[PDB]
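Taking it in order: structure first as structure tokens, then the write-up.
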Amino acid sequence: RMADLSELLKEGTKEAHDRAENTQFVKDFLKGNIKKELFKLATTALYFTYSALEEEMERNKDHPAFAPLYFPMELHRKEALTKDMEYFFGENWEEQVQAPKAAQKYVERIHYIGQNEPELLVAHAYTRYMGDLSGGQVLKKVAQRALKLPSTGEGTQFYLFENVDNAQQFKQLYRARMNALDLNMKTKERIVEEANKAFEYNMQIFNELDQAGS
Amino acid sequence: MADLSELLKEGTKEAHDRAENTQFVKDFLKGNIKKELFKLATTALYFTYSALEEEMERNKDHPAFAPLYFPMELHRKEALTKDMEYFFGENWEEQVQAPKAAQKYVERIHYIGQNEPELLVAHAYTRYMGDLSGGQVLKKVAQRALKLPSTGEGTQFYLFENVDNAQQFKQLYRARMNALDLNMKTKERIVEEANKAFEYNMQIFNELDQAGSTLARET
Ligand code: HEM
Ligand code: HEM
């Protein structure tokens, strides 16, 4: 069974995941070292890639190689980030935004795959959403304590999946479906290789956010 | 359209242009640097090269990198492992940690070698093709400035005791990179990262500059 797309991807992106857990921006975040301005930008970055990613998934919502993975009800974060961008920046937020150069590359790549290698879109949904379902609960608590944020969710409506009531088993439904997709082994390897690229896109954002400290 | 060996130089223009001009560098070519800082730098080198060297070892048989594998002539690990002996002592391995501006550049080198090997050449050309140019001087320069053995003791990093003529070897290297067959934006990409690689060094330089000041601001 270690031949399932979800199995391949896990073993296939292990090294990249380790780099992510240990990247200085992530460790300094978890310790509560990141202040508000670097949090407002972290969110800003998050917004783009997820808005872009969701518009792109919104595009192939009925594609044979992505159809099931489509889950606007349970996953999409744009409605959440938006409310979060409203809390920190305010309704005016829109007329202020500016993405980390890396976030830009990230998005452009989310668009390329958007019409060129569509059978690899799952690599971007996987990397981002699945991670979100694994430790979002913890990140929410760290963010609230360091920035003195309300427990009622203000500013963090992003780290919470209102429509998902059980992350653990939820991701299983996702793995069961990722594997169900009609895919040849040749492409899967391209998917795994694409998930790894995706982590690096996040690695680059994490890298740019750190320097932002100075 | 053209040889990759020139697209890099022409392409990274601003990189090696915004490189000969970095406080840490100007403060180096001459002789004003504080031993304990030179030790920070050497540490950065150890972790950067250990990573870059493993990735090339991994991609040695990769058609997109094989022609640029020169372990016995270009590698610096063994050497650096020694230039860290003289400075940090013996059991320094368990004490010294990879500085942050270096850990970034590092984590990246493991990505490339593992996921985008056709770009490993960019990092190789960024450091090695660089080390070979004007290395001997650096040793001596740091020796007299830090009261170190002229011979090179403690800094065998700047000396490749396995390469005869430097200009001849590098000219050799350029011909090897050009023989590589790839796409077009592939060269553009390779160059993009050589610049990306430079910045990585930049972050590492002043990261030391400010670190050396935090060593001066105290007195
Ligand atoms: C300190 C930081 C992080 C920690 C401690 C962490 C921890 C974990 C843990 C324990 C799991 C395993 C859950 C399971 O398999 O059921 C997981 C899964 C996941 N994480 Fe992370 N993670 C971190 C950062 C990230 C980042 C930065 C990304 C990518 C941007 C990421 C992407 C994922 C993905 C895709 C999964 C699902 C793997 C799978 O089940 O196939 N994680 N993470
Ligand atoms: C310490 C200050 C520096 C000085 C004075 C300096 C000087 C030079 C000189 C004169 C050359 C010879 C040109 C040739 O190869 O024909 C050269 C080449 C080179 N240097 Fe620098 N350099 C410096 C810093 C750097 C830095 C920070 C890097 C970046 C890692 C670097 C990377 C290179 C590379 C890649 C080459 C090969 C160029 C070629 O293709 O010919 N150098 N450098």
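Indices start at 1 and increase along the chain as displayed.
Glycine too: its Cβ is placed from the backbone N, Cα and C atoms.
Feature annotations, reproduced from Swiss-Prot:
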type    : residues                      : note
BINDING : A:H17, A:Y126, A:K171, A:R175 : heme b binding site
SITE    : A:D132                        : site 'Important for catalytic activity'
What is the number of other Cβ atoms found within 10 Å of the Cβ of A:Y126 (heme b binding site)? 25
Longest CA-CA distance among A:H17, A:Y126, A:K171, A:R175, per record bound to heme b, angstrom: 18
Whole-number Å only: compute the distance from the Cα of A:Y126 (heme b binding site) to the Cα of A:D132 (site 'Important for catalytic activity'). 10
Sparsest Cβ surroundings (other CB atoms within 10 Å) among the binding-site residues A:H17, A:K171: A:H17
Between A:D132, A:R175, which of the recorded positions has the fewest other CB atoms within 10 angstroms in the structure shown? A:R175
Please report the Cα separation of A:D132 (site 'Important for catalytic activity') and A:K171 (heme b binding site) in Å, rounded to an integer. 10
